[PDB]
């Protein structure tokens, strides 16, 4: 039924790794990354979407607090309600809270719907990654080992299933008997493997990778 390995970068569905800096905007980068892939699949164009638009505009009404944190689910609902999100090129990332400056002239995507997956189900997450595209997730990143990660399949014995950092699952695989999730972070290219981390998969929802998964869709019409 499902492929043993997936890597959506190979289909040209994933934009360059971004750098969040001192603004706690991982939630926004995680949401735009998932939508960028659906935009590519639908239109054939790969376009970075504006994380800053989410930080500045998907705020208290959506239970978000910009650089202090937020949620991918309500970021998607903002895009739905707003009938768009701007390109990153038109509305670039400044790592600061700003006045909402959404301009529909520069709309680069819409969102038709989003779907939340069941907590802790790594099987369901695997299916969504294979059959839908990259999936927005949270992870527990409050361990020095995460910040210091350079390469390999990451396993942190003190990790919890409680999440605090948004990332994007762009694939999965197995390196000689160690299964992993292929994860895009937003701490620049100097983090991990060119901005990516391979995180232990089917090890009991390691670091809460499958705790709160969601993905958007852009439908024909």
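Numbering follows the first chain given and starts at 1.
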Quiz item: On average, are the C-alpha B-factors higher in 154-162 or in 47-55?
Solution: 154-162
Practice problem: Using only the Cα atoms and their B-factors as the entry lists them, report which of 92-100 and 77-85 averages higher. | Solution: 92-100
Self-check item: Criterion, highest CA B-factor; candidates, 171, 33, 192, 177
Solution: 177
Quiz item: Looking at the C-alpha B-factor of residue 41, is it in the lowest, middle or highest third of its chain?
Solution: highest
Exercise. Can you work out whether the C-alpha temperature factor of residue 20 puts it in the lowest, middle or highest third of the chain?
Key: middle
Practice problem: Sorting the chain's modelled residues by C-alpha B-factor, tell me whether residue 213 ends up in the lowest, middle or highest third. | Solution: lowest
Quiz item: What third of its chain's C-alpha B-factors does residue 198 belong to: lowest, middle or highest?
Solution: middle
Practice problem: Rank-wise, by C-alpha B-factor, drop residue 109 into the lowest, middle or highest third of its chain. | Solution: middle
